[PDB]
Every structure is written in structure tokens, then in C-alpha cells.
């Protein structure tokens, strides 16, 4: 359906499709909370459906995620003032996003354990344009596709660990890839 970056609202869900234009990345909206993405020798992309703005709602999602190479399935979003990109990583394939970060703790929620990390990005694409911003990570120890994410438990754990959150911008269930191929079909319930 679309092959270049776009945001909108479809069947009552915010959607964000971002690609740096590398290889081929194809996104489609489905009924209700559903989206599909297919990608071949991609650059960096992030795609999904959810809310704008995010509250700190309990997310339920279903579907399938079939990467061949580097990909993450995550609750993904932004805060503003301060500018923060955050990830609650449910699965990653061939590359752990927290590589080269101090573990700041763990949080137990939704029948799993998540390792907490903070990174910085310098002169990087953001919802505000080229910027410097912190990235917060919750990375599940037992990878899964589907289930419940109690986002407030992650936000509270990050704040407990001294990681400041801003005003919530969007929050989506995202499929991310980098220099990989794959497909995914995800429904936000």
C-alpha cells in the first residue's frame, strides 16, 4: 500500500510508518487495529498502530512477526520536554538494542522480566526533527509475540530508576527493522 513515511489515523488508531528509504519497505493498514509490513534489504524503519497521544494504557496485541535478520517488536513511543524515544521490547531477533548500555534495573510485569537501559542519540531523526535525546529501553528476557503490556508499570520503573519522562506523544505497537528482510501482521486489540 505505502512505501514512504506517513502518519495518520485509520479505523480509530493512530499509525506511524517511518522509513529512511533503504531497500523496499511496504506498509498496509487493515481493519480495526491491524497493520502489515513487508521489507526486503531495508534501511531503518519503524511501523505500527496505536494512540496519539499515548496515555499509559494497558495494550493487548496479537499476530505474527517473521523477521529474517535484525528486527524488534516493541511498544514504541515518544515524550516531549524532555524529548525521549522509548521501547518496551517484546522480541528482538539477531541484535540486542541495549548493547553498550548500563543495565539500570529490572521490572516484573505481564508474566515476564524486563531489563531497563538508557542510551543517548546525537543529531538523530526525531518527531521534532534532527535532535539529541535519551532513549529508554525495557527488554523482555523471554521473547514473545503477543500478550498484554501494562505500560504504566514500565513508565513507573523507568521513573524509579531516575529516567525522566516528558509529555506523552504517540505510543504504538511497532515493528522495527534494520538491514534485514521480513514480514509482520500485528493487531492492536
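Residue numbers count along the first chain shown, from 1.
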Open item on the list: Can you tell me whether 11 to 19 has a higher mean C-alpha B factor than 162 to 170 in this record, or the other way round?
Closed with: 162 to 170
Task: Stretch with the greater mean C-alpha B-factor as recorded in the entry, comparing 117 to 125 against 46 to 54 - done: 117 to 125
- [ ] Select one of 130, 29, 151, 138: the residue whose C-alpha shows the highest B-factor in the crystal structure entry.
- [x] 130
Open item on the list: Could you place residue 64 in the lowest, middle or highest third of its chain by Cα temperature factor, using the values in the record?
Closed with: lowest
Task: CA B-factor placement of residue 77, once the chain's modelled residues are sorted into thirds - done: lowest
Open item on the list: Quick check on the deposited entry: does the C-alpha B-factor of residue 88 sit in the lowest, middle or highest third of its chain?
Closed with: lowest
- [ ] Determine, from the deposited record, the chain-internal third of the Cα B-factor for residue 94: lowest, middle or highest.
- [x] middle
Open item on the list: Split into thirds by Cα B-factor across the chain's modelled residues, where does residue 24 land: lowest, middle or highest?
Closed with: highest
